[PDB]
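First comes one chain, alone, set out as structure tokens in the form deposited without the DNA.
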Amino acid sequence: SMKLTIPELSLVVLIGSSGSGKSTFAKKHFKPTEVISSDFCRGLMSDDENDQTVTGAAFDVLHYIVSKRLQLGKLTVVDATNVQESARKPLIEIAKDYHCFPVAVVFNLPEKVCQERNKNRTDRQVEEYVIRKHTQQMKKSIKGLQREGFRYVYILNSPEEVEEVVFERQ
């Protein structure tokens, strides 16, 4: 298997395009309450799904909920795309502020894998150009992750590697 080591108290940041399988991964490895997703926070602001305007407020709520969990010393997983540096920086700063280890888990899958899963989703789907952009941004992000402030950086390079992950909470 592929053992990923994380401290008992950490902020685990999922990084991947839409369709890369982040939420599936989160549900398999973590308890429901450990996981905080952007879609969930969007749902706190709106019953609808297509309202492009609640996004900023939703991310504010995401950051605040994450902040209070870490304050209480509770391991937290951020289920969002996180392919942009601007999305990643505040998570890192929150983690440092509460003396937690920020951990990056990167879903370095080929674009066609994401595009394929997207077309078969039963919950919601995105436009093709969105996944293409996410993937390009994801790839651009990899090299600078350690320097951004992530203490552990784990790159998953194929669905097989993703499948074989086991977490080891020292």
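Throughout, we count residues from 1 along the sequence that is shown.
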Quick check: 61 to 69 versus 41 to 49, which has the larger average CA B-factor in the record? 41 to 49
Quick note on 50 to 58 and 113 to 121: per-entry mean CA temperature factor is higher in 50 to 58
Based on what the PDB entry reports, which of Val130, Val103, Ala26, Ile142 has the top C-alpha B-factor? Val130
Going by the recorded CA B-factors, say which third of the chain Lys89 sits in, lowest, middle or highest. highest
Where the record places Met2 (Cα B-factor, split into thirds across the chain): highest
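One more form of this protein exists, namely the form deposited with the DNA bound; it is left out here, but the text below deals with it.
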Flag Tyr64 as yes or no: does it have a non-hydrogen atom within 4.5 angstroms of any non-hydrogen atom of the DNA in the entry with it bound? no
Close approach of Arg124 to the DNA in the entry with it bound, 4.5 Å, heavy atom: yes
Heavy atom to heavy atom, is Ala95 within 4.5 Å of the DNA in the entry with it bound? no
Tell me, yes or no, whether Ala80 is in contact with the DNA in the entry with it bound, where a contact means a heavy atom of each within 4.5 Å. yes
Pick from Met45, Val130, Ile142, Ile36: which residue has any heavy atom within 4.5 angstroms of the DNA in the entry with it bound? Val130
Residue stretch of 64 to 72, 105 to 113, 49 to 57, 28 to 36 approaching the DNA in the entry with it bound, non-hydrogen atom distance within 4.5 Å: 49 to 57
Members of 86 to 103 lying within 4.5 angstroms of the DNA, judged by heavy atom, in the entry with it bound: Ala87
